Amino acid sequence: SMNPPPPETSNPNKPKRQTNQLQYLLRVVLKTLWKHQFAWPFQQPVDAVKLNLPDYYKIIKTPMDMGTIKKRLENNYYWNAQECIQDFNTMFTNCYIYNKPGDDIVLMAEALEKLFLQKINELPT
């Protein structure tokens, strides 16, 4: 298939954790970013069949999206906030990698990344 399986949202071999920072990342950061006018392309894994992007997964080897991140947070999949933040950063970077400077989708990622950074600048203790 053109589409690989989506990234795991559970892994019984991996330990779970809940922290105040992870709770914040779900309740405030993700759930607020989700409502942004530019969030829609990033709310689910890229579907290469739907979007007619047969090269997407030929180029992007560590796919990530906010749907996956949300499920991971809901599952307590992450050990800590930094692990979650790394997934957001992978999502943004993938967008810059797959596309070109100035592309509409890149302008969307750039705006979301700024909002994301604003929100994670300060996390709860």
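Definition used throughout: the rigid core is the maximal C-alpha set that superposes within 1.5 Å between two forms. In this text, residue numbers run from 1 along the sequence as written.
Displacement analysis by core superposition in 8 other deposited structures of this protein ranks 19-27 above the other of 19-27 and 111-119 in root-mean-square C-alpha distance from the shown form. Once the structures in 8 other deposited structures of this protein are superposed via the core, the pair 49-57 and 73-81 is resolved in favour of 49-57 as the more displaced stretch (C-alpha RMS).
In the PDB entry, the Cα temperature factor peaks, among 39, 64, 49, 60, at 49. When the C-alpha B-factors of 28, 85, 95, 73 are ranked from the entry, the top spot goes to 28. Residue-level temperature factors show residue 33 in the middle third of its chain, judged at the C-alpha atom. Per the PDB record, residue ranking by Cα B-factor puts residue 101 in the highest third of the chain. Compared with the other modelled residues of the chain, the Cα B-factor recorded for residue 91 ranks in the lowest third.
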